[PDB]
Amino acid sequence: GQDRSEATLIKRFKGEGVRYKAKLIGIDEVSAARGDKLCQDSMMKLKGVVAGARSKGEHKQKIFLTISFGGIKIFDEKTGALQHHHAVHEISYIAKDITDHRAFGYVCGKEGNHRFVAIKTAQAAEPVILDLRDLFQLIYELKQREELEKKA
C-alpha cells in the first residue's frame, strides 16, 4: 500500500525514476497499437520462442528496467548499458500476462511500427504495471494543467 499522491509520484518518477530487476522475454512486431487479445497472443508467441531456446540451454537476458518521465528504459544487467528506450509518447498500451503474475508487456511505436515488448519481472509484475499507470495519469494531469515542465 504505497502513497500515490501527486507530490510523491513526481519524486518517484523524476530523474532515473523507479528501477526493477527482470528478464527480457522478447520483442514482437504487432499489427495494432492496443488490444488485450493482441498482447496475450504476442506474449504466448514470445514465450513459445523462449521455451524452445531453453530446451537448447538458452536463457533470457537479465535486465533492469526503469520507469521515469523518460518513459521505459531497459538496461543490460551485467554491463548497465541502455539497450532500449521507449518514451512515454511512444507507449500505447500496457498489458499484464493473465497466465503469469510475474510477466507483463507493452506496445510501443507509431502507426505501422507497433512492437510488443515482453518482460519477466523478478518479483510480481503488478507494482510495475501500477507504476506505469500512475506515471501516465500523472503526465496527462500535469500536461492538462500545463505544469509538466515544472515537475519533470
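Start at 1 with the first residue shown and count on from there.
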Exercise. Comparing 49 to 57 with 93 to 101, where is the mean C-alpha B-factor higher?
Worked result: 49 to 57
Exercise. Which is higher on average in the deposited entry, the C-alpha temperature factors of 138 to 146 or of 12 to 20?
Worked result: 138 to 146
Seminar exercise, completed: Based on the PDB entry, the highest CA temperature factor among the options 125, 44, 117, 65 is that of 44
Problem set entry | Of the residues 88, 38, 107, 27, the one carrying the largest Cα B-factor as recorded | 38
For this session: Please place residue 121 in the lowest, middle or highest third of its chain by C-alpha B factor as given in the entry.
Result: lowest
